[PDB]
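The structure appears below as structure tokens.
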Ligand SMILES: [Zn+2]
């Protein structure tokens, strides 16, 4: 089975998921000099006032903060998008050390981590149907750098001890994801894919320019998680990022000059 080792990591994925070598894979390097400013791009609308987080899960590759997506309670609209996209979950990708961890890169710079807020297009009715469509998902990607602590992340950090190993979950209600957003909603956008198997080419990526700052102690807690299940040989959950994929015949647009 797939993961982030020598034997089963990204460079192997294409054997089970041939779309790994497809025409619109993610993540990519964002070349900030080549990205075209597109004055036709609208501001992003992030409406998270009614978000209902339910649970946090160690799925063996990351942890997912899951939301009630049975109504339009936490929705992404505007920006590059047509229609309404419902928040289903967020998760992160991170490194063993602060010098790597992000999936997207900016002029080849790697951030310590990257947060993905995953949303599905309501015109397809459910997530499973949405991922079969080229406009099925919108993923908001937010870089993390290490410096000051992010107060709004701490509730997430402090539950991780309870979901150390693959398959564990914990109640995680009343968490407000607005506390994870940067001040600016300036973004880059391009058509891409899920960054884990099945790597489906169903994502409109929206990558914010401005990173959030987390503390070294916050990220250190991410790195105590385990990819393994309870009782199994400990393999720390670190370096759960896919590297940049070829851009191919794509254009990355900027919302800002
Ligand atoms: Zn992700």
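In the UniProt record's numbering, the protein residues as written are 4 to 260.
Cβ coordinates follow ideal geometry from the N, Cα and C atoms, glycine included.
Paired residues, beta bridge with residue i - DSSP
| i | result |
| --- | --- |
| residue 216 | 148 |
| residue 257 | 40 and 191 |
| residue 239 | 229 |
| residue 69 | 58 and 92 |
| residue 33 | 109 |
| residue 80 | 48 |
Nearest to residue i (by Cα), restricted to the options the options
| i | options | result |
| --- | --- | --- |
| residue 68 | 193, 180 and 254 | 180 |
| residue 55 | 49, 91, 190 and 101 | 91 |
| residue 84 | 139, 8, 215 and 113 | 139 |
| residue 110 | 215, 253 and 38 | 38 |
| residue 229 | 256, 215 and 165 | 165 |
| residue 157 | 148, 135, 218 and 131 | 218 |
| residue 106 | 259, 253, 257 and 249 | 249 |
| residue 207 | 196, 216, 213 and 215 | 196 |
| residue 240 | 53, 20, 95 and 46 | 95 |
| residue 184 | 163, 147, 168 and 161 | 147 |
| residue 237 | 167, 119 and 25 | 167 |
| residue 49 | 87, 194, 65 and 16 | 87 |
| residue 97 | 51, 82, 114 and 108 | 114 |
| residue 252 | 194, 124 and 18 | 194 |
| residue 74 | 58, 108, 123 and 27 | 123 |
| residue 271 | 255, 242 and 258 | With the chain covering only 4 through 260, there is no way to say anything about residue 271. |
| residue 226 | 172, 201, 100 and 70 | 100 |
| residue 150 | 245, 62, 192 and 215 | 215 |
| residue 27 | 255, 127 and 79 | 255 |
| residue 159 | 58, 170, 24 and 133 | 58 |
| residue 171 | 188, 191, 224 and 232 | 232 |
| residue 259 | 43, 79, 5 and 7 | 43 |
| residue 126 | 135, 169, 118 and 143 | 135 |
| residue 32 | 175, 119, 192 and 62 | 192 |
| residue 153 | 202, 182, 130 and 51 | 182 |
| residue 25 | 235, 200 and 222 | 200 |
| residue 116 | 141, 224 and 6 | 224 |
| residue 82 | 143, 62 and 205 | 143 |
| residue 22 | 202, 211 and 221 | 202 |
| residue 51 | 66, 61, 71 and 137 | 71 |
| residue 35 | 210, 246, 169 and 120 | 210 |
N- and C-terminal bounds of the beta strand (DSSP E) containing residue i
| i | result |
| --- | --- |
| residue 175 | Looking at the DSSP string, residue 175 is not in any beta strand (DSSP E), and its letter there is neither H nor E. |
| residue 10 | From DSSP, residue 10 is part of no beta strand (DSSP E); its letter is neither H nor E. |
| residue 210 | 206-211 |
| residue 49 | 47-50 |
Alpha helix (DSSP H) segment containing residue i, residue limits
| i | result |
| --- | --- |
| residue 16 | 16-19 |
| residue 1 | Only positions 4 to 260 of the chain appear in this structure, which leaves residue 1 out of reach. |
**Request:** Could you please go through the chain and list the residues whose beta-carbon is closer than 6 Å to any non-hydrogen atom of ligand 1?
**Result:** 94, 96, 119 and 198
**Message:** For a minimum of 4 consecutive residues, which ranges assigned as the alpha helix (DSSP H) are wholly contained in the stretch 82-145?
**Reply:** 130-133
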